[PDB]
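Student: whatever this is, show me its structure:
(chains A and B, ligands or ions: 1)
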Amino acid sequence: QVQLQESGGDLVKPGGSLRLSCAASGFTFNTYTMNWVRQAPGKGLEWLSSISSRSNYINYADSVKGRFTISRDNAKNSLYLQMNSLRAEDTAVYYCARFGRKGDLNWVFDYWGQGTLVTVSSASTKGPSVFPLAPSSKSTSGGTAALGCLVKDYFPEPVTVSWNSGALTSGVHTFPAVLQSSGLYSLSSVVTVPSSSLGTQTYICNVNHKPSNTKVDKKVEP
Amino acid sequence: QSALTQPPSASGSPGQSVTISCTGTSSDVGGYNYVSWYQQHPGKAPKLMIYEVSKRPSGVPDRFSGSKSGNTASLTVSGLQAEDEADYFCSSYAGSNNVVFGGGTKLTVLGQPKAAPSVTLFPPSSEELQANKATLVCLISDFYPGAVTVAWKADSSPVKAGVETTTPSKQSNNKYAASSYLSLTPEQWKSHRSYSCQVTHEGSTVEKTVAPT
Ligand SMILES: Nc1ncnc2c1ncn2[C@@H]1O[C@H](COP(=O)(O)OP(=O)(O)OP(=O)(O)O)[C@@H](O)[C@H]1O
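Tutor: Numbering: from 1, shown residues only, chains lettered A, B, ... in the order given. Pasting the structure now:
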């Protein structure tokens, strides 16, 4: 039950600052050296910084030294990264990563979070509009019907979509986003359900856009 | 430019073996026996697969193995399975408390037979039209190989703009899906008798039509 979860990713202006968090559970956090590693879009992984158990051994990669500051609070089982003087090339998914047990797993990141996306841009945040893609008598393949949600005109990434709060997953596909000439993203998600259920079950697409603090639960009806 | 050099892509068929290389120098891969490999599925946390060149954590199947020759390390996946399709990153200690990485190798598992696309076309919603916008949504699913082109028509005329189409990506069932959007004004949508989305896959086409009326 080793768990790491990052938080704080957001849009930030060039030259601006941002602070990331990582919450750990399921292991003896105050005995581990913790790390931040990032992955720029379409690039490889890049180790940034390590902080020992007592916070007295701290190392930085050249690419961030003098700009980023790592710290930790063992009482909250939490790790932090204060990023200053941000540039477009700092846009990346930022991962919390545990160094393995010293001596046994030197220079190994044996557990990682799913990461939080930081976007460095002078553009503005925009929350999505969510539209239903209603099933019709021309959207049915007989005993099954396709319905969906259109998530329009948001920035920055990411948006997450679930159906019926995760109770529906088998018939689900969420597509990657298109970047439009407006500089804004759109995506769609679709699920296939029994035609017979359209009269009885409620179908809801749950859309989250954390940068704009938007949550939408959009009922998709015939 | 990554510190370690990996081929951008690698491929094999189920049951086959595939080897992915990772080239460093004597300041990293060749300077220590601290080479590690990580597996990353899309949107998931990277997972440790190999450490200290050839050691496997508990719970990593024995068909993953690691080796190195001089300044180059290699990950071998024997008995390839569809779930091994993923990105793989090598890593090494590099002195001065630094850990360096490769750029990643996308491993594709091949051997899938041809699969025909299904097409689902949705008209604009009432709510979007009231927002003075109109997006037609063409969803293409269940096809292999993962290459399509999408053409739009207003009545029978090929559209002159407003199309955005995604690159195909894998579904849960390991076939491909893609999507295409046609942006119109509400006036354009209401003033034609129909719009069509036509997908071309491996020389065959599937076309769906919708009408405002
Ligand atoms: N898996 C690892 N790989 C590389 N370095 C590590 C790893 N684990 C710990 N370290 C490093 O080991 C050093 C010791 O950090 P640690 O958290 O053990 O503090 P400490 O006070 O020496 O520990 P102790 O309380 O056990 O004496 C630090 O330089 C830290 O960066």
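Student: domain ranges for the chain, per the record?
Tutor: Assuming you mean chain A. Domains of chain A are assigned by automatic domain parsing as A:3-120, A:129-219.
Student: think we crossed wires, I meant chain B
Tutor: Listed domain ranges for chain B are B:9-109, B:118-210 (source: curated CATH domains).
Student: among the domains of chain A, which is nearest residue B:36?
Tutor: Closest to residue B:36 of the domains of chain A, according to Cβ to Cβ: domain A:3-120, at 5.2 Å. Quick note: C-beta positions are derived from backbone N, CA and C, even for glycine.
Student: please name the nearest non-neighbouring residue to the residue nearest the centre of chain B.
Tutor: Compute the mean C-alpha point of chain B, and by Cα atoms, centre = their mean the closest residue is residue B:169, 4.8 Å away. Of all residues not flanking residue B:169 in the chain, residue A:176 sits nearest, at 5.9 Å (Cβ to Cβ, 6 or more residues apart in numbering or on different chains).
Student: surely the one you found meets residue B:166?
Tutor: Yes: using Cβ atoms under 8 Å, residue A:176 is in contact with residue B:166, at 5.3 Å.
Student: so for residue A:39, which of the domains of chain B sits nearest?
Tutor: Of all the domains of chain B, it is domain B:9-109 that lies closest to residue A:39, at 8.5 Å by Cβ to Cβ.
Student: how many residues are close by residue A:57?
Tutor: 11 (other Cβ atoms under 10 Å in any protein chain shown).
Student: could you report the separation of it from chain B?
Tutor: 9 Å (Cβ to the nearest Cβ, to the nearest Å).
Student: what sits against that residue?
Tutor: The contact partners of residue A:57, by Cβ atoms under 8 Å, 6 or more residues apart in numbering or on different chains, come to A:33, A:50, A:51.
Student: how about residue B:55?
Tutor: residue B:66.
Student: re the thing from before, distance to residue B:144 added to the domains of chain A, as CSV?
Tutor: Formatted as CSV, the domains of chain A follow (distance: least, Cβ to Cβ, whole Å):
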stretch, distance to residue B:144
domain A:3-120, 24
domain A:129-219, 15
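Student: could these go into a markdown table alongside distance to the ligand?
Tutor: Below are the domains of chain A laid out as a markdown table (distance: least, Cβ to the nearest ligand atom, whole Å):
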| stretch | distance to the ligand |
| --- | --- |
| domain A:3-120 | 3 |
| domain A:129-219 | 30 |
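Student: closest one to residue B:208 among these?
Tutor: Closest to residue B:208 of the domains of chain A is domain A:129-219 (Cβ to Cβ; 8.5 Å).
Student: how far does that closest one sit from the chain's center?
Tutor: In this view, domain A:129-219 has its centroid 18 Å away from the chain centroid, taken as Cα atoms, centre = their mean, to the nearest Å.
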